[PDB]
Amino acid sequence: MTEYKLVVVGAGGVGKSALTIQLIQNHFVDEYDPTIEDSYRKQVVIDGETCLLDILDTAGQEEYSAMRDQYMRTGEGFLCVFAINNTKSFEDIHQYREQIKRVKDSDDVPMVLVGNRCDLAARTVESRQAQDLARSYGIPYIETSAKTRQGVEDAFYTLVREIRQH
Ligand SMILES: Nc1nc2c(ncn2[C@@H]2O[C@H](COP(=O)(O)OP(=O)(O)O)[C@@H](O)[C@H]2O)c(=O)[nH]1
Ligand SMILES: [Mg+2]
């Protein structure tokens, strides 16, 4: 069993918790406490290898955490999450990317850009815009819905596959 340490980052309210819960429980939770920050395990076979994913679902601002600090430092890959109907969350991605570059002292860090809430109509962030951002970072862009499960496995398993290239 191979362990992969994943960290889910992004603005409050974009569906970080919902994404993680969908992966773990196969259910959509719409009222997950915005302040609960914790790590979760998922045993799953990815491309023939039995993996134990260790996933930190980050939560909170202008306050420190021993667990989050540890995961930022030792995390092997990052899901950088915005919502396709939250323009500010997309614009925030730059600062999450800069934080990750600083924590790792590198511009070459396993990362996937995730545009969540893709089940809702009238997106305010175009696929093209997100693809452009991911291209500028040299990373994949994957759209997801924690509600319908669209893209959820894709996003997490792609991140594992990105780590394996490192
Ligand atoms: N329709 C829809 N709602 C979502 C999706 N993901 C999250 N939500 C809702 O968006 C809100 C914020 O989700 P949450 O997981 O708490 O975001 P977090 O602050 O990033 O952890 C909640 O009301 C969720 O029900 C999605 O893919 N589709
Ligand atoms: Mg949350």
Side-chain angles (χ1 to χ4, degrees), residues 4-42 44 46 51 53-63 65 67-68 71-72 75-101 109-163:
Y4 294 90
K5 188 186 260 174
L6 314 182
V7 187
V8 184
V9 305
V14 299
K16 294 180 306 294
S17 292
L19 274 167
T20 308
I21 310 314
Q22 179 62 69
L23 185 79
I24 305 281
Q25 307 286 7
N26 314 93
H27 184 74
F28 174 59
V29 305
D30 66 359
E31 294 177 18
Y32 197 79
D33 194 323
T35 64
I36 294 172
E37 172 173 286
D38 205 9
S39 71
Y40 306 102
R41 303 303 180 283
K42 165 94 173 165
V44 58
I46 305 174
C51 307
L53 307 187
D54 180 0
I55 306 163
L56 184 70
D57 171 30
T58 61
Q61 56 164 35
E62 208 183 299
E63 50 162 47
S65 166
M67 181 183 52
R68 199 210 270 110
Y71 275 82
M72 291 304 288
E76 299 167 276
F78 297 81
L79 278 197
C80 290
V81 185
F82 70 98
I84 72 162
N85 70 317
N86 186 332
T87 297
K88 168 88 157 55
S89 74
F90 183 68
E91 296 167 347
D92 283 354
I93 292 294
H94 180 243
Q95 287 305 140
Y96 291 104
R97 161 94 183 154
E98 288 301 308
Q99 176 185 210
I100 289 161
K101 290 198 289 184
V109 179
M111 190 177 291
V112 171
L113 178 66
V114 177
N116 189 47
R117 308 216 289 238
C118 75
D119 55 285
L120 299 177
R123 59 199 298 153
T124 42
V125 182
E126 293 300 320
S127 185
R128 164 193 60 88
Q129 284 174 292
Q131 292 174 44
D132 285 357
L133 187 63
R135 171 170 170 197
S136 82
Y137 297 165
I139 71 181
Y141 172 59
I142 301 172
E143 287 210 344
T144 61
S145 173
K147 192 193 165 87
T148 70
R149 204 163 200 267
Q150 182 170 25
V152 174
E153 290 187 4
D154 261 32
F156 284 91
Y157 306 167
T158 297
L159 180 56
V160 166
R161 289 168 183 145
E162 286 297 305
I163 290 163

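We number each residue from 1, following the sequence as shown. The analysis underlying the following values was restricted to heavy atoms, covering all of them including side chains, and did not include hydrogens, waters or symmetry mates.
Enclosure of atom CD in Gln150 is not indicated, since only 12 or fewer non-hydrogen atoms of other residues, nucleotides or ligands lie within 6.0 angstrom. Within a 6.0 Å sphere centred on CD of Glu98, heavy atoms belonging to other residues, nucleotides or ligands number more than 12.
Atoms OG1 and CD, on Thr35 and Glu63 in that order, are 8.0 Å from each other to the nearest 0.5 Å. The OG1 atom of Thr144 sits 10.0 Å away from the CD atom of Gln22 when rounded to the nearest 0.5 Å. Note that CG of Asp33 is 11.5 Å distant from CG of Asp38, once rounded to the nearest 0.5 Å.
Nearest heavy-atom pair across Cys80 and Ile100 is SG-CD1, 3.5 Å. Closest of all the heavy-atom pairs between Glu162 and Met111 is CG-O, 4.2 Å. Nearest heavy-atom pair, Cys51 versus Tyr4, reported as atom, atom and distance to 0.1 Å: SG-CE1, 3.5 Å. Between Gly75 and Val7, the shortest heavy-atom contact is CA-CG2, 4.1 Å. Closest heavy-atom contact between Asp54 and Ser39: OD1-CB, 3.9 Å. Minimum heavy-atom separation, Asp57 to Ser17: OD2-OG, 2.7 Å.
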Run the numbers on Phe82 and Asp92 for side-chain contact (heavy atoms from CB on, under 4.5 Å), then give the verdict. CA-CA 8 Å; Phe82 70 98; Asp92 283 354; over 6 Å; no
Next on the checklist: Under the criterion side-chain contact (heavy atoms from CB on, under 4.5 Å), I'd like the reasoning laid out for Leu23 against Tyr40: C-alpha separation, chi angles, the key distance, then a yes or no.
Outcome noted: CA-CA 10 Å; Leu23 185 79; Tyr40 306 102; over 6 Å; no
| said: What verdict does the side-chain contact (heavy atoms from CB on, under 4.5 Å) test give for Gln95 and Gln99, after you've listed the backbone C-alpha separation in whole Å, the side-chain angles of each residue and the deciding distance to 0.1 Å? | reply: CA-CA 6 Å; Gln95 287 305 140; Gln99 176 185 210; over 6 Å; no
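No side-chain heavy atom of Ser145 sits less than 4.5 Å from a side-chain heavy atom of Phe28. Using a 4.5 Å heavy-atom threshold, the side chains of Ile46 and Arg161 count as touching. When side chains are defined from C-beta on, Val44 counts as touching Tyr157, because their heavy atoms get closer than 4.5 Å. Side-chain contact between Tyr137 and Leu113 is absent, with no heavy atoms from C-beta onward closer than 4.5 Å. At least one side-chain heavy atom of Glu143 sits less than 4.5 Å from a side-chain heavy atom of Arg123. With contacts defined as side-chain heavy-atom distances shorter than 4.5 Å, the pair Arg117/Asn86 qualifies. Under the 4.5 Å side-chain criterion, counting only non-hydrogen atoms from C-beta, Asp132 is not in contact with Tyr141. Two residues are said to be in side-chain contact when any heavy atoms from C-beta on lie closer than 4.5 Å; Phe78 and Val109 meet this criterion.
With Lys16 contributing its side chain and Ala11 its backbone, the two residues share a donor-acceptor pair below 3.5 Å. The main-chain N or O of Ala59 is found under 3.5 Å from a side-chain atom of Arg68 such that the two form a donor-acceptor pair. With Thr158 contributing its side chain and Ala155 its backbone, the two residues share no donor-acceptor pair below 3.5 Å.
Residues passing the ring-ring contact (aromatic ring centres under 6.0 Å, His included) test with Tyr71: none are found, sequence neighbours excluded.
Checking each of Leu19, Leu56, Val81, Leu159 against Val8 for a side-chain contact (heavy atoms from CB on, under 4.5 Å) leaves exactly one that passes, namely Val81.
Using a 3.5 Å distance cut-off with no hydrogens or angles, the side chains of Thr87 and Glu91 do not pair a donor with an acceptor.
Residue pairs that meet the salt bridge (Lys or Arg N to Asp or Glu O under 4.0 Å) test with at least one member in residues 144-159, sequence neighbours left out, are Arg149-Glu153.
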